[PDB]
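Asker: Below: the sequence, then the experimentally determined structure.
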2 protein chains.
Amino acid sequence: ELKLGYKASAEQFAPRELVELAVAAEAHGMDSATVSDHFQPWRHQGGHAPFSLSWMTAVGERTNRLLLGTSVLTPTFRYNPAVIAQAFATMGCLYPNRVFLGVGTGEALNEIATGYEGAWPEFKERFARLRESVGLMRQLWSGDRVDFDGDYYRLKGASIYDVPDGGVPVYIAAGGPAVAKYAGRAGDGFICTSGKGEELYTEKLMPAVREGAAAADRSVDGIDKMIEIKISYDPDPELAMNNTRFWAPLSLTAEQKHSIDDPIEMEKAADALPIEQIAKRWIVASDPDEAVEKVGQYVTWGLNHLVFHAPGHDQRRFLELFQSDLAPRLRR
Amino acid sequence: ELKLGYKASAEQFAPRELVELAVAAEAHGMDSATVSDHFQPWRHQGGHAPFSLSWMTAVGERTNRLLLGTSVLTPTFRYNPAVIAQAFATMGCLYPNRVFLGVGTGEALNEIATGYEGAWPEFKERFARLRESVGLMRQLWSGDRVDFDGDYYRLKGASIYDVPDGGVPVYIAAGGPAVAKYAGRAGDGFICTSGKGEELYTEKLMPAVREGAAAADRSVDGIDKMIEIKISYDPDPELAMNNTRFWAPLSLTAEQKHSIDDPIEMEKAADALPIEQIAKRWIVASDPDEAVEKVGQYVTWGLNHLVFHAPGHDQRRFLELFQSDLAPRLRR
């Protein structure tokens, strides 16, 4: 149940680097690697956005053991859920038992630039589109002919011809209680991120997951409880704090992060923050016991799949540090 | 610039097999390998449809030399043009100089079941969509900020952050003179298929490509002129003939192929064809000299990139035969 993984940051690295880093994750003992799914990075200057599905396939072909998936992909606006279904069914066939689809309700930054017409929908409709799309994708993963007449999406006699016998597991990202309950009800997996305060995890997210599971008569023990642990570990404490600079946009409000449609405007807002405000969001440590105590909290709070997001450009260095300094402590 | 290639038939093989077949192509001396892009196969029974883009990335990671591309992908309906541009830019970064985007105007078979609302648009619109979508993806591949307000597609301030310098070559499929002229004007490459009669190639397609290049003040010599060669070579004459049976749907009329939206309806129409009729579309040969002479006609007519489509389930057999019997004669 306890798994240790690596977050491959498409917002920060070009395609070949993003793939090699994930390969290095396996070399260094990681159980999983997850890739963000962006059309546009958070920053204009020095941002990247390699296509997530190409990363998954290239990494799958180069690895033997890593569990691979999106953290996370929005299957509802720029993407056609039927094509996403095909894509993941195909990767499920290529890399058996090694693929998951992580899903999210979306961010304007990926969607408005890519041609979505009119106003960025309110939360109710984005949440509503996500539930429906998950329905449709799973109906397709059955491998049977599908007639689907939803409020957002249609299918008439569609089949996925190549799909693994048990389909494709779905992990659901939630920043609040409403989607977390949905994840407890409907997800094979639950995704959240660290550093937003204990109350969020203990009082809102985990009770909502548990209550969703209860609502659908499910064992909560059966849901993979995954978190992206924002960690900046370096024996040089000056480097540990400074390394967080690139990730300044993640320190903006949820509202700014999901409604700002332009990287230029995003980066403007984000570079108003001093480094010591940005570091609020990150586990900043240069002692490994200090580091693992802080990571240990999430475990205590009910998360079992720990996906490590290190902020610096030197990812190979984080991975060496992780394998020698943190992994032995974290595994117990 | 004679090039010999392999057609990987997504409609006939499962995902893992499709990828290993294209790896075996490289092992057998091929310069390129190209994949069909389907959501739904021609046949319901025995049919497959692995995701084309996952095939390309998995094959790319496994190979060193093959040119890789779609033959062909419709970038106008179920696919978002922006995302196709991102996907291919990413792949071009992963496999420098080994990626091309093959494009077509589409077929109802991939589009109607996958949830296109309303009536399958007439040719004028499909062509006009293709032209516009190709324009938009090319603007994105520049790497600059793009504002695009087409008749069908929209971008408001989109960039692709990861593009190779020297872009993504776009190859344009045509079955008639109108789109062939467009391939002439706009295409890095031109795609057609064999066995449709001398006059189509010599009087319709090739003159249209030349006309297009001339009207765009471009060299026709510089355009890659790719044909899928439908060839059933086997020293056993029984196999040479019978191996074509699976490809009966390809001997249906053009209107049927691009209009029938259900593989069950497609298969039924195809199953009413006699083997004699199917054979018409294929070079059926059990002698290497005769086979190469038949393939050589297309070289005489102006085609230079010969992508071989063998109809049998035993694709490894074909590849071995191609390597020992066909390739030495074809290279000249």
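Answerer: That came through, no problem. Numbering: from 1, shown residues only, chains lettered A, B, ... in the order given.

Asker: Ramachandran coordinates for residue A:231?
Answerer: phi -130, psi 130 (degrees, to the nearest 10).

Asker: Now for the closest residue in space to it that isn't next to it in sequence, how many residues are close by?
Answerer: Using C-beta to C-beta, 6 or more residues apart in numbering or on different chains and skipping the chain neighbours, the partner closest in space to residue A:231 is residue A:283 (4.6 Å). Placement of C-beta: from N, CA and C, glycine included. Per other C-beta atoms under 10 Å in any protein chain shown, the neighbour tally for residue A:283 reads 22.

Asker: Repeat that for residue A:138.
Answerer: 16.

Asker: how about it, what does it touch?
Answerer: Contact partners of residue A:138, counting by C-beta atoms under 8 Å, 6 or more residues apart in numbering or on different chains, are A:167, A:170.

Asker: hmm, 10 Å instead?
Answerer: Going by C-beta atoms under 10 Å, 6 or more residues apart in numbering or on different chains, residue A:138 touches A:85, A:101, A:146, A:167-168, A:170, A:186.

Asker: That one and chain B, how far apart?
Answerer: 16 Å (C-beta to the nearest C-beta, to the nearest Å).

Asker: Are we agreed that that residue is in a helix?
Answerer: Yes - assigned with DSSP: H, G, I helix; E, B strand; the rest coil, residue A:138 falls within a helix.

Asker: Can you tell me which residues in the stretch 201-332 of chain A are near chain B?
Answerer: A:261-265 (C-beta under 10 Å from any C-beta of the partner chain).

Asker: Can you list the residue ranges for helices in the stretch 101-250 of chain A?
Answerer: In the stretch 101-250 of chain A, the helices defined using DSSP state H, counting those that start in this stretch lie at A:108-111, A:123-141, A:177-186, A:198-199, A:206-215, A:237-242.

Asker: that older thread, what's the farthest-apart pair in the contacts of residue A:138?
Answerer: A:146 and A:186 (18.0 Å; C-beta to C-beta).

Asker: who wins for proximity to residue B:293 among the helices of the stretch 101-250 of chain A?
Answerer: Comparing the helices of the stretch 101-250 of chain A under C-beta to C-beta, the one sitting nearest is helix A:123-141, at 46.5 Å.

Asker: Mind listing what's buried along the closest one?
Answerer: For helix A:123-141, burial by neighbour count (16 or more other C-beta atoms under 10 Å in any protein chain shown) applies to A:126-134, A:136-141.

Asker: tell me the angle that helix makes with helix A:177-186.
Answerer: If you take axes from the mean of the first three to the mean of the last three C-alpha atoms, to 10 degrees, helix A:123-141 sits at 20 degrees to helix A:177-186.

Asker: Measure how far helix A:123-141 is from the centre of its chain, please.
Answerer: 17 Å (C-alpha atoms, centre = their mean, to the nearest Å).

Asker: Which residue comes closest to the residue sitting nearest the centre point of chain A once chain neighbours are left out?
Answerer: Computing the C-alpha centroid of chain A and ranking residues by C-alpha atoms, centre = their mean puts residue A:71 first, at 1.9 Å. Nearest non-adjacent residue to residue A:71, counting by C-beta to C-beta, 6+ apart: residue A:34, 3.7 Å away.

Asker: hang on, the earlier thing: could you point out which of the buried residues of helix A:123-141 is nearest to chain B?
Answerer: Relative to chain B, the closest of the buried residues of helix A:123-141 is residue A:136; by C-beta to the nearest C-beta it sits at 8.7 Å.

Asker: returning to that earlier point: make a PyMOL selection of the buried ones in the residues of the stretch 201-332 of chain A next to chain B.
Answerer: Filtering these down to the buried ones (16+ other C-beta under 10 Å) takes a single PyMOL command:
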select buried, chain A and resi 261+262+263
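
Asker: Can you list which of the residues of the stretch 201-332 of chain A next to chain B are found in helices?
Answerer: A:263-265 (DSSP state H).

Asker: still on that earlier bit, want to throw the helices of the stretch 101-250 of chain A into CSV with distance to residue B:314?
Answerer: Shown next, in CSV, are the helices of the stretch 101-250 of chain A (distance: least, C-beta to C-beta, whole Å):
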stretch, distance to residue B:314
helix A:108-111, 44
helix A:123-141, 30
helix A:177-186, 44
helix A:198-199, 62
helix A:206-215, 50
helix A:237-242, 58
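
Asker: Enumerate every residue touching residue A:214.
Answerer: Under the criterion of C-beta under 10 Å, 6+ apart, the contact list for residue A:214 reads A:181, A:184-185, A:220.

Asker: Can you tell me how far it is from residue A:226?
Answerer: According to C-beta to C-beta, to the nearest Å, residue A:214 and residue A:226 sit 20 Å apart.

Asker: do residue A:74 as well
Answerer: Distance of residue A:74 to residue A:226, computed by C-beta to C-beta: 17 Å.

Asker: Tell me the bridge partners for residue A:284.
Answerer: Using DSSP bridges, the bridge partners assigned to residue A:284 are residue A:232.
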